[PDB]
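# Architecture at a glance
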Amino acid sequence: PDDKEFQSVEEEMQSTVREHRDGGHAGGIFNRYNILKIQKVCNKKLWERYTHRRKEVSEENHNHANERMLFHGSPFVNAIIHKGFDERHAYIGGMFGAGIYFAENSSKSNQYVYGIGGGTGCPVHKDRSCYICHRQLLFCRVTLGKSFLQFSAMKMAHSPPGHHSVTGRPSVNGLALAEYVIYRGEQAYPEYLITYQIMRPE
Ligand SMILES: Nc1cccc2c1CC=NC2=O
Ligand SMILES: [Zn+2]
């Protein structure tokens, strides 16, 4: 029961890895991970904040929440599991402005685990491609509702009028991979905490 639910999470984590345009600069060089632990996050207060907002979005989107399971990489995963996602920590600088960003490709979210563009990498070795240090990603329940499809940079403070999120679609002069942006922290729930390492290619 728990093992099968977690095997599904491991499969999503492994199967969504892609080769990155930066040649591994931000997230490191790897084709797969060593998945160490998968924990289900049970935070009743966050779950109800999430389901309350999901119902509200569904009602504003033809009885459809447009919920997706997506990855989130951040140095602040421990604060997110306890306090939830918080749009007050998002700033206008991002490609789609002051939102909370998610990926359908685990390796894209892996580029953010140690900071923007991988920061200086792991705290112990200052290596963005560290194979030793254990990383953590979140696999989240995200309510997209009526998602505004965009290709080019659009610095938003909030969702576009009548919408509940932004979907960043791949394009020639733009994104290599998709990304999903919400502008309200209650529109995501950090369901699984994945502890892993990137693995050195064979
Ligand atoms: N910019 C972007 C795009 C897609 C996923 C993420 C991010 C930022 C932080 N964390 C992420 O997981
Ligand atoms: Zn390290």
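What the entry reports as its method is X-ray crystallography, with 1.8500 Å given for the resolution.

For the chain, the PDB entry supplies the name Tankyrase-2 and the organism Homo sapiens.

### Comments concerning the site of ligand 1
Every residue near ligand 1 is listed here: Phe71, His72, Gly73, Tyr101, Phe102, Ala103, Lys108, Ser109, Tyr112 and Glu179. Within the backbone of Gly73, a nitrogen or oxygen atom sits 2.8 Å from a nitrogen atom of ligand 1. A total of 300 Å² of accessible area belongs to ligand 1 in isolation, and the protein chains cover 88% of it. For the shell around ligand 1, the secondary-structure elements that each account for two or more residues are β2 (67-72), β3 (100-102) and α4 (106-110).

### Examining the coordination of the zinc ion (ligand 2)
Donor atoms from the polypeptide that bind the zinc ion (ligand 2) are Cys122 (SG), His125 (ND1), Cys130 (SG) and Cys133 (SG), placed at 2.0 to 2.4 Å. Its 4 donor atoms give the zinc ion (ligand 2) angles of 102 to 115° at the centre, a pattern that matches the tetrahedral case. Each donor residue of the zinc ion (ligand 2) belongs to the same chain, with the gaps between them written as C-x2-H-x4-C-x2-C. Overall, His125 belongs to the partly exposed group, its relative accessible area being 41%.

### Quick word on the nonpolar core
Judged by nonpolar contacts, the single largest core of 21 residues is most densely connected at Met13, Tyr33, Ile35, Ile38, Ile194 and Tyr196. Residue assignment for this core shows that the elements contributing at least two residues are α1 (2-15), β1 (33-40), β4 (135-143) and β8 (188-198). Ranked by residues supplied to this core, first place goes to β8 with 4 residues. Residues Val41, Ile80, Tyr180 and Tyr189 belong to the second largest nonpolar core, which totals 20 residues.

### A closer look at the sheet that holds strand β5 (residues 147-150)
The strands making up a sheet associate through hydrogen bonds between their backbones, and the pairing can be parallel or antiparallel. Ordered in space as β3-β7-β6-β5, the 4 strands form an open sheet in which the pairing is mixed. Two strands in the sheet have a free side with no partner beyond their single neighbour: β3 and β5. Ignoring which end each strand starts from, the neighbouring axes of this sheet average 25° apart. Bridge analysis of β3 against strand β7 (residues 179-182) gives 3 bridges, and the strand direction is antiparallel. Each bridged residue has a counterpart across the sheet, and for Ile100 the counterpart in β7 is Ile182.

### Some details on the UniProt feature "binding site: Zn(2+)" in the chain
The feature "binding site: Zn(2+)", as annotated in UniProt, sits at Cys122, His125, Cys130 and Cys133 in this numbering. Of note, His125 is situated in the loop between α4 and β4. Look past the residues within four positions of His125 in its chain and what remains in contact with it is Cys130, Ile132 and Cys133. Secondary-structure assignment places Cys130 in the loop between α4 and β4. Discounting chain neighbours no more than four positions away, the residues touching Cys130 are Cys122, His125, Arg135 and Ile198.

Rules behind the numbers
Residues numbered from 1 in each chain as written, not as in the entry; some residues may be left out. Chains lettered and ligands numbered in written order. Heavy atoms only, no water. Near = heavy atom within 4 Å. Polar contact = N/O pair within 3.5 Å; in protein donor to acceptor, adjacent residues only side chain to side chain. Areas by Shrake-Rupley, 256 points an atom, 1.4 Å probe, with all protein chains shown as cover. Helix = DSSP H or I, 4+ residues; strand = E, 2+ residues; numbered from the N terminus. Donors = N, O, S within 2.8 Å, 3.2 Å for Na, K, Ca; no water. Tetrahedral: all angles 85-135°; square planar, octahedral: opposite > 155°, others 65-115°. Buried < 20%, exposed > 50% of the residue type's maximum accessible area, 1.4 Å probe, protein only. Core = buried A, V, L, I, M, F, W, Y, C linked by side-chain atoms within 4.5 Å. Pairing = 2+ DSSP bridges. Axes fitted to C-alpha atoms, helices over the stretch in contact; angles between N-to-C directions. UniProt positions renumbered as here; feature names shortened; annotations may be inferred. Contact = heavy atoms within 4.5 Å.

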